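Below, in structure tokens: the form solved without this ligand, a single chain.
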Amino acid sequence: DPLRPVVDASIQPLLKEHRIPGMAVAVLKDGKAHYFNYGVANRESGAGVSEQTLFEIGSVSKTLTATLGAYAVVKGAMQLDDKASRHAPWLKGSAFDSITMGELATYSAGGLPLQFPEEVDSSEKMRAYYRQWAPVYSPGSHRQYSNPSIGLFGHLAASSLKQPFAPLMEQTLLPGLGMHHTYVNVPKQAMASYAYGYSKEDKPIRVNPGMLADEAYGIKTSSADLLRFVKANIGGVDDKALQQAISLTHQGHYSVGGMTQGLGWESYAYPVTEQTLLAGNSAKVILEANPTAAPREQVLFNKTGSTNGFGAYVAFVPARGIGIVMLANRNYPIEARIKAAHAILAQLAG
């Protein structure tokens, strides 16, 4: 593959530096998909990684959940300006009577935390949590990355469509995106393709159960399926409704520095410097609260994602028809993901 030398040049050093057991890389250029596979999906057995290997993608799941929400909007089942309680009777009489679906989707509801408190481990406790939650900031004023925030958005989006989230995604949305091997719950026939994640101590692990995990960070997919998603975000899909939904996830709602927050996807003016990309994906933007600013007025879209044993990254530029997917079974530094992707994308762009 003429592109192997280029991809290898940025990926190989990464694998060695962070002792990554395996990584599936997929690139899109001139309409064609290119696959580069490294290492193993299972260290004990030695099973090799392929573009069909299933990896946990963590927060990258939010781009798919966001697409489901956009789909609900297109179908007329809900509007982003809808108060959250309009789609959950159990939220009536809480702070969510004055918070919108869009604010939940863009982490700007007012300070919902990164993760649910450790004690919130059941449906009953989760409902109680939201009903007692007190806003920290006025709605729309600050961005505080939050799983409970986007998780609730996805949960309610599914409810607006009158179907449970998991089956809705697996039986309708994902198939519509051409993603037939993407799961919230990996089925029996696909378990053999499911890689094992590896902690810092090299222990084989997989994602732990959690409230709204399916909506916020529970997707398992392959580099082939995720690149098909990238293609859908560029070349489009056959279904008009789904196409409209995809476009909605490209719209900027507000910005934080050089990063513009949309539904799921986070975008930047293209060409973008490695410095700007690193900043938008820095700990300051990820962990702390930051005031929202007016949205950006070519564009690169991206999203990072991790689980205790996995590290994923996806970035693409529609106007140039290029994109890259990097799925690894080691949660290695986000900065390393950005640097490798930026280098490869630069070569692909010309």
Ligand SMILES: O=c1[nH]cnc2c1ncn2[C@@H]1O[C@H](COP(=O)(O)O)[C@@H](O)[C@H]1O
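Position 1 is the first residue in the sequence shown; the rest follow in order.
We do not show the form deposited with this ligand bound, though everything after this point is about it.
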Stretch in contact, per heavy atom within 4.5 angstroms of this ligand in the deposited bound form, of 32 to 40, 321 to 329, 46 to 54, 280 to 288: 280 to 288
Contact assignment for this ligand in the deposited bound form, among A166, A241, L114, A269, heavy atom within 4.5 Å: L114
In the deposited bound form, the one of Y137, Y145, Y130, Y254 near this ligand [non-hydrogen atom within 4.5 angstroms]: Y145
4.5 Å heavy atom contact, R337 to this ligand in the deposited bound form: yes
Heavy atom of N302 within 4.5 Å of this ligand in the deposited bound form: no
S306: touches this ligand in the deposited bound form, heavy atom cutoff 4.5 angstroms: yes
Residue contact check: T292 to this ligand in the deposited bound form, 4.5 Å heavy atom: no
Sequence-ordered list of residues in 1 to 24 near this ligand in the deposited bound form, where near means a heavy atom within 4.5 Å: none
